[PDB]
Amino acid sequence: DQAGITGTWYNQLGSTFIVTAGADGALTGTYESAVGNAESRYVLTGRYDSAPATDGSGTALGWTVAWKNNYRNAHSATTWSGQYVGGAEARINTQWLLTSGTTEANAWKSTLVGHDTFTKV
């Protein structure tokens, strides 16, 4: 699914996920969030299963953005964990964890959780 995954994806918020899937299981690219204290593109890296099951299961993958670029630094990082589902209506279905750097007193409220769906349209 290297060809399937590589490209430009969009989630339900209008964020833009630009990724290249490598033969070796690497994901590399950029993320632009349509929401929050973020602007322009941020570096991402991740991994995917380069030899998925052939029984109709999705392709497991994940990636990370640290929210620092040349414009802003939110002192936080999001990881998306999900699966790629190929086909006419290809999708990447994810759950994510957004951790902020906090003091120890605030560490109990360091992490947001949510879910994003990415499509090619």
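Residue positions are given as counts along the sequence shown, with the first one as 1. Rigid core: the largest C-alpha set superposing within 1.5 Å between the two forms.
Relative to the displayed structure, the C-alphas of 34-42 lie farther away on average in 5 other deposited structures of this protein than those of the other candidate, with 34-42 and 58-66 compared after rigid core superposition.
In 5 other deposited structures of this protein, superposed by the rigid core, the C-alpha atoms of 49-57 lie farther from the shown form than the other of 49-57 and 24-32.
If you average the C-alpha B-factors over 68-76 and over 83-91, the higher value belongs to 83-91. Higher mean CA temperature factor between 19-27 and 95-103: 19-27, per the PDB entry. Across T54, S33, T45, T59, the greatest Cα temperature factor reported in the deposited entry is at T54.
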